[PDB]
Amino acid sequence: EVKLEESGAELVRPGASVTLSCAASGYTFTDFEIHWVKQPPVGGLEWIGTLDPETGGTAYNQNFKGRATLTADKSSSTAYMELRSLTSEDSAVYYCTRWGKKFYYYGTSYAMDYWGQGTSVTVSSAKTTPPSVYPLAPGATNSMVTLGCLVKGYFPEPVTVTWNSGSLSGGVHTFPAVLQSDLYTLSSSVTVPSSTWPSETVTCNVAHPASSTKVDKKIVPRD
């Protein structure tokens, strides 16, 4: 029931701006402040600011005054954060989260009890590029075998990887993407019983929403 639903990933050119949205449902919108929080690539959570959607009242950490602007639309139950005139220092994941507005002697119970799923913002002049997806199949036999997918040459993050559409979830390692010369590469491994492959079907499912790309790649033994 209580939900905070954020907008999708944004690619922004240096010097340009973008506006993020967070749609609340499952509670009375105007009884809670909306706080925003930054999660930089390396290093820890930073509090950006608070908005009281009933009145338009705001407050910001100093470092974000001049950079972020918080508003809301009560009709749609939706909070917004405009991030203006960006650099790579502003590349990060941004969350909305709620805070109980009403004063109590021992403070609120609703202290960032629910969070949005995060919106990833990448500030760069590189171009959106779809991944190529290549199967990883062995070139020696044991009771377990390890297969893979190489997801190479894409921009920007993120991509989604699953195996047999969700069914193979055990023994999966999906490795963090590495950036080289404006293109990301990632890999994912799955381990299954050697009795089960290649006698049965194992497929990696890769999505890159920025490029509208969905691929299924069947892992077949090596020629």
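Numbering starts at 1 and follows the sequence shown.
Where coordinates are absent for parts of the deposited sequence, a chain break appears; between neighbours residue 139 and residue 140 it spans 1 to 3 residues.
Stretches 123-131 and 86-94 differ in mean C-alpha B factor, with the higher average recorded for 123-131. Of the two stretches examined, 165-173 and 42-50, the record assigns the greater average C-alpha temperature factor to 165-173.
Per the deposited coordinates, the residue with the largest Cα temperature factor out of 180, 58, 187, 63 is 180.
Placement of the Cα temperature factor of residue 101 within the chain: middle third of the modelled residues, per the deposited record. When all modelled residues of the chain are sorted by CA temperature factor, residue 17 is found within the lowest third.
Looking at the C-alpha B-factors along this chain, the one for residue 75 belongs to the highest third. Among the modelled residues of the chain, residue 143 sits in the highest third by CA temperature factor in this PDB entry.
Placement of the Cα temperature factor of residue 27 within the chain: highest third of the modelled residues, per the deposited record.
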